[PDB]
Amino acid sequence: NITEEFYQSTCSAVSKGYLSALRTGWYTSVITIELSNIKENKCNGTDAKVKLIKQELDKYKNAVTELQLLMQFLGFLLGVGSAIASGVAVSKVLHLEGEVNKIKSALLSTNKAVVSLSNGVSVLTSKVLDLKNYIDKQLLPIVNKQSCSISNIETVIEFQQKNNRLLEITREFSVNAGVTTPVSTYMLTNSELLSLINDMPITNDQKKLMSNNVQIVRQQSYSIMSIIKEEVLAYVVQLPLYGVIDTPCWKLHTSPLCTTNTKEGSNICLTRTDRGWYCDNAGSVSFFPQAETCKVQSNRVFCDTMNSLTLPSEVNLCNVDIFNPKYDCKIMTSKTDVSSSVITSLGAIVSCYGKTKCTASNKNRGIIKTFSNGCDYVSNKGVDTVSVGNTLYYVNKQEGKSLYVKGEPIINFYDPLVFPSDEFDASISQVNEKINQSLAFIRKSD
Amino acid sequence: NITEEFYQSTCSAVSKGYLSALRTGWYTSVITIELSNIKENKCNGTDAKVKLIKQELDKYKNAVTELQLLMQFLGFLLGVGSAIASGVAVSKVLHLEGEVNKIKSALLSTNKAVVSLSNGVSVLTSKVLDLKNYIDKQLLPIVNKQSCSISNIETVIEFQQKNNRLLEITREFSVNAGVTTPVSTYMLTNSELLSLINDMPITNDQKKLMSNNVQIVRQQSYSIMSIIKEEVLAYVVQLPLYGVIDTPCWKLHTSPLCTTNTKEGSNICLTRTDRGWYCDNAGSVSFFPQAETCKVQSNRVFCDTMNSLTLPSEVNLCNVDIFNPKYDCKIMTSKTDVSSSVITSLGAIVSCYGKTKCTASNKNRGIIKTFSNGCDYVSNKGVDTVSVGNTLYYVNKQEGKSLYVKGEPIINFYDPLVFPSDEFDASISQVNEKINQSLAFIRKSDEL
Amino acid sequence: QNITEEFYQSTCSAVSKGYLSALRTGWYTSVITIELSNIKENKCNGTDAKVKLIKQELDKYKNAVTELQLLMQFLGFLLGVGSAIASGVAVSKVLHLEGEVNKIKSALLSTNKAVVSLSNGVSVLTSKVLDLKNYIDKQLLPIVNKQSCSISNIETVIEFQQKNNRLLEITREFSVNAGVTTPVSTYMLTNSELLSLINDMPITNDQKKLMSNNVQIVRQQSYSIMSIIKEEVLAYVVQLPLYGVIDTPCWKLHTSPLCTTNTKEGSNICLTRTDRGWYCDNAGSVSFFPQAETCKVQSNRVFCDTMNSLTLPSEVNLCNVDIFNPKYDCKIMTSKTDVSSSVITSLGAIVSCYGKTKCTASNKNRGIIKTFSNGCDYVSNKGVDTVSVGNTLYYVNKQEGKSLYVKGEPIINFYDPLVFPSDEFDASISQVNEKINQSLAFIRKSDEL
Ligand SMILES: [Zn+2]
Ligand SMILES: [Zn+2]
Ligand SMILES: [Zn+2]
């Protein structure tokens, strides 16, 4: 499964076992709730049974009215999308004349139908709740039969269950301005969402993937309010569809790499800034700089190409030889020699500088390693916690073998006299350019 | 309505049709809920009916006890406010010297009153729910009368219905350390919120705006737990008051602009960094750099002046002539020749460099444009998606005319040999000055 | 009543000193178990409303069980990367092993609290907070099979949905969060359950009293991790904060940009301290929190997380009293961006007013009572209620406490605008002096030659 390599030379680590599930595009469905506009109830009197049904009908009638009022490091390199552009684009089409009537007619006999909208796009539609028929054909008839003092108390409770979902939906949208993420259990129950996946135009491998991770799918989905014309409430559900699946993926962890002299100043530091998730797709490598935004379950990675850059395969060369000519690896430089630790998939990188106390501890044995100054690594095999200064990090206990690639720290090849100490997004070649400009200009004057 | 102007020379676009709704200050109201403190019911029984009221009384009593325990790019330029300082200042006034009795007696005859507090501040107070009369004078008498075994299952259900709102209010406060935003429908029902707007000392133009956008109003509001002394639960509701309405607003979109030469390295880049929302305000320009925090409904923009800078009107010149001397436009420079796209209101900016495949497609026609190297623009008229590398962007489909301003790319005026390639918040004049300073060391020393 | 604040005109910053520490230093993990019966498919034919509710509820419960089974299967950049739930998950991984539940299940059959040693050697406390099995299997279903699914008394169905309700919310929270919840809700751990868990935690009475009086903050620093529902047990891990540093001095540093105040629109020079945030001394060094948002304040106590800190030498305070001191090189950033702004402190407001901006401080009764000139100034929250900087209206904190004005000449006046390096995001006073010295030498040495 998962493995890990720590490169001592550039103070970074690569975890390799993972598999992709990249969100590549969107699927939009139209969800409808058929609900009825009720005429004024003539049930006077405060008989205890009566007050409950009148109160419940009133909660429903207000909820409809409430709904009517409501309808009226390198992250900076990424670029700016519009998360709900697709679903909103579908939502606006539903406003056109007799589009609801088409949807309404399509779901008249079943609860699922494919409708060709006026713009030509065919979308799945679902009737997930039928309060129109329940109220008009079961509840109100029982009220007239029993003259509003219901003999059988269970029918009012049967209504209260049906009505709660419409009340929770109207409560959520009252607070979200009609666009929510993740999509709630009231908007789409778990069984409904699983059912939409079976009917989506994707391979069984994709259907099986989504069905086994509905909670991830749910979190990557949007719920867009659309209309309440006629007797219908309609909102668009925007689902992620994963167009790239099961390609190899790897995560890069990076930490500052500094010289190890104890004197307070005069230390110089260097950090790889390309930390994040890498997944090769379609002959290229997709890079996700904010690895927090990617969600991992088992050994499969769900990222979103909205948060990616599309890079040449040669990026991989930065891990093995940072100075290679084929790709200019991104680095940052400073004189701030602060101690910290980065917990990786299968261990921990410890950048220990200055006078910091740095230790690795076992749950049973106590402290079992004290670090020297510099960037080092420890496997999660014998180690349970790592303590850097006053910070105690627990280590990941995911199983897998890690291997330490010894090497001379890269920072030793720079002398502090010509080293450019404020560069936030420089490269291997860019630092050399500033060194040669600085090494010639100072030398030439003498 | 809305329009959009794309400037090819500086690789940016401006969306212009919008109208402002700026949060300018706060309005604080006190919401009170009347509660009865219940003593431990000495009600034993293994009847399913009795167990139901006992569970409900216990659920209510714990909520009271739960509430009792509760008593004890250019974003960095912005500056730091204290969001709920106004509401907290009101809440603190409620803890001292029995101020609740004043509210409690003021709300004795109606459910709405204006109270002048110890500090002199007059605040609206509202009694939104009277659970005391139900519990102490209808329910518990029935319990002691029928020896805790309620005959009618409806009496227990009415209780759990009456009891429900207090339980959710206490839930929200339990999970948010007594400060919630947005303000929920349990905190303030939709009908209650519309009524408070009518009672606020603001214009009908302000009242009409808030009333038609409660879902935004709720999102810009805070609900602050204050006290539960003397059979009263009180919390402060902090509502936004919109002091600037209907002034022109425009959003600036920017993307990196790089040279298009074939050499893989040695390419140069330049990006405008003042992206964000600008709303003309009181003779100046209020700038909101983090456009996520602003909310747009139809063609109306709700922003928060807490997240703004107040700038001279001359800011606008960065859109028309970036090199003018009167205002120093902010930029960043690099050699990081990466491809990306920025989706605008009415189209998409495509920054396509290197060997990346960049295309814009229509839902019916397929691919309809292949982009060349450089920063270009596309209207959302015929285009539905834009694809940059392995990233597929859907374009915004709002109607409006977008307009293309031809121009020579600004970055071509620099030679790559003296270009300062790592400037994170530089300006037009600051970059010119570092080249000018670097041009001096060469000319005077070399010809020497 | 020990909260105070000092404003340093010299470097346009302010320090709030009265506070007390409560740092999360590590984690305590317990396993919470709920006893469940797996309900097999009911054979209820009939459309009587009573049957309709019973069947509706039984299917509602079965969905939750099925749903839960699906679940088993400035200076922030310097901080470093933790794994927040690595500890809780490590416990959760062990519970997946064959028959680890039986160890748990037998330990809690006679009481509701027991310590179980797992396969990996870890002894962890386990708690049974709810027994839904006995109601369903020995009270509800027997009545169903006896009365041929036609329930006589509607009270038993309302009894059921109430018994069933908590498990339904627990499964909802997990279903929407991919099995990891924070803060830990009252459905995950009721208020009395948590207070009881605190008593059994391996901590001092100072720690128990601290956590017991701030459960709502404890909840905000806790995680709840779904693990298993095998063989009539639902188990999830609750990850609780244990506060290893308590009642040590803490102070908040507020900083603002400091610029020259000349009338010329351009050509101004600026300078800002970047070490704003919360500071707490603990083990003879100073734990620094640059992201003051992650720290929560209740009255005079600061709840922070050592995961979001840097550990710095005690010499950091030297930056507050004499920024040019030799023992620590204070971090600052430099710019030419002459923008007006305001930073509200604990006991007042810093007003950095530059250019032509209208800057004002007002009282609720008197109206406008002070207009600021160009430069860095300060105002106490005593007489002042609001502060207006340009078109932004700031309300000031009204916490009681004395603030004091440390008069001094702004540091920015000691630099000449001609040699000032104006693009530095994390340089130091000495690093900038060195850039002045390298540039002052090239100009001085060239004139001699
Ligand atoms: Zn940890
Ligand atoms: Zn030029
Ligand atoms: Zn129990």
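Within the stretch C:120-159, the set of residues being hydrophobic (A, V, I, L, M, F, W, C), away from ligand 3 (no atom under 16 Å from the Cβ) and in a helix (DSSP H, G or I) comprises C:140, C:141, C:143, C:144, C:154, C:157, C:158. A search for C-beta distances below 8 Å between a residue of the stretch B:435-447 that is within 14 Å of ligand 2 (Cβ to nearest atom) and any residue that is not in a helix (DSSP H, G or I), counting only pairs 6+ apart in sequence or on different chains, returns B:435/B:414; B:435/B:418; B:435/B:419; B:435/B:420; B:438/B:418; B:438/B:420; B:439/B:418. Please indicate, with yes or no, whether at least one residue in the stretch A:41-61 is outside any helix (DSSP H, G or I) and either among the aliphatic types (A, V, I, L, M) or within 31 Å of the chain's Cα centre (by Cα) (or both). For the stretch A:41-61, residues outside any helix (DSSP H, G or I) and either among the aliphatic types (A, V, I, L, M) or within 31 Å of the chain's Cα centre (by Cα) (or both): absent. Within the stretch C:63-98, if we keep just the residues that are β-branched (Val, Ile, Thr) and in contact with a helix residue (DSSP H, G or I) (Cβ under 9 Å, 6 or more places away or on another chain), the residue that is farthest from the other protein chains (Cβ to nearest Cβ) turns out to be C:65.
Can you tell me which of B:49, B:42, B:102 is of a type in the set (D, E, K, R) and closer than 27 Å to residue B:186 by Cα? That would be B:102, the only listed residue that is of a type in the set (D, E, K, R) and closer than 27 Å to residue B:186 by Cα. Taking residues in the stretch C:11-40 that are more than 30 Å from residue C:342 (Cα to Cα), and partners anywhere that are away from ligand 3 (no atom under 16 Å from the Cβ) and in a loop (DSSP other than H, G, I, E, B), the pairs with Cβ atoms closer than 6 Å and at least 6 places apart or on different chains are C:24/C:221; C:28/C:201.
Here the condition is being surrounded by 14 or more Cβ atoms within 10 Å (Cβ to Cβ), within 22 Å of residue A:327 (Cα to Cα) and out of contact with any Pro (no Cβ under 9 Å at 6 or more places or on another chain); of A:413, A:424, it holds for A:424 alone. For the stretch C:39-53, taking the residues that are surrounded by 10 or more Cβ atoms within 10 Å (Cβ to Cβ) and β-branched (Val, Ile, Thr), the one that is farthest from the other protein chains (Cβ to nearest Cβ) is identified as C:39.
Checking the condition within 21 Å of residue C:91 (Cβ to Cβ) and either more than 12 Å from chain C (Cβ to nearest Cβ) or within 16 Å of ligand 3 (Cβ to nearest atom) (or both), which residue from A:387, A:379 passes? Of the residues listed, the single one that is within 21 Å of residue C:91 (Cβ to Cβ) and either more than 12 Å from chain C (Cβ to nearest Cβ) or within 16 Å of ligand 3 (Cβ to nearest atom) (or both) is A:379.
List the number of the failed condition for residue C:74; all other conditions in (1) within 16 Å of ligand 1 (Cβ to nearest atom); (2) under 20 Å from the mean Cα position of the chain (by Cα); (3) not small (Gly, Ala, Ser) hold. It is condition (1) that residue C:74 fails. Taken residue by residue, the stretch B:110-119 has no member that is of a type in the set (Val, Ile, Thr), crowded, with 19+ Cβ neighbours inside 10 Å and not in a loop (DSSP other than H, G, I, E, B). Of the candidates A:351, A:345, the single residue that is more than 13 Å from ligand 1 (Cβ to nearest atom) and part of a loop (DSSP other than H, G, I, E, B) is A:345.
Reported count of residues in the stretch B:392-434, each being on the phi > 0 side of the Ramachandran plot and within 12 Å of ligand 2 (Cβ to nearest atom), is 0.
Just to be sure I understand, how many residues within the stretch C:209-244 are surrounded by 22 or more Cβ atoms within 10 Å (Cβ to Cβ) and of a type in the set (D, E, K, R)? Residues in the stretch C:209-244 being surrounded by 22 or more Cβ atoms within 10 Å (Cβ to Cβ) and of a type in the set (D, E, K, R): 1 in total. The C-beta contact set for the stretch C:92-117 (first residue under 16 Å from residue C:232 (Cα atoms), second residue within 16 Å of ligand 2 (Cβ to nearest atom) and of a type in the set (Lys, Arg), distance under 7 angstrom, 6+ apart or interchain) is empty. Output the residue which, of all residues in the stretch C:82-96 that are away from ligand 1 (no atom under 15 Å from the Cβ) and assigned to a helix (DSSP H, G or I), is nearest to residue A:342 (Cα to Cα). Taking the candidates together, the pick is C:93. Exactly one residue out of A:344, A:356 is surrounded by 13 or more Cβ atoms within 10 Å (Cβ to Cβ), in contact with a strand residue (DSSP E or B) (Cβ under 8 Å, 6 or more places away or on another chain) and within 8 Å of another protein chain (Cβ to nearest Cβ), and it is A:356. Among the candidates C:129, C:122, the residue that is more than 14 Å from chain B (Cβ to nearest Cβ), farther than 23 Å from residue C:187 by Cα, away from ligand 2 (no atom under 16 Å from the Cβ) and under 30 Å from the mean Cα position of the chain (by Cα) is uniquely C:122.
Of all the residues in the stretch A:187-196, those that are in contact with a helix residue (DSSP H, G or I) (Cβ under 9 Å, 6 or more places away or on another chain) and surrounded by fewer than 19 Cβ atoms within 10 Å (Cβ to Cβ) number 3.
Note that we place each Cβ from the backbone using ideal geometry, even for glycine, and neighbour counts take in every protein chain shown. No value in this document is a laboratory result; all are computed from the given coordinates.
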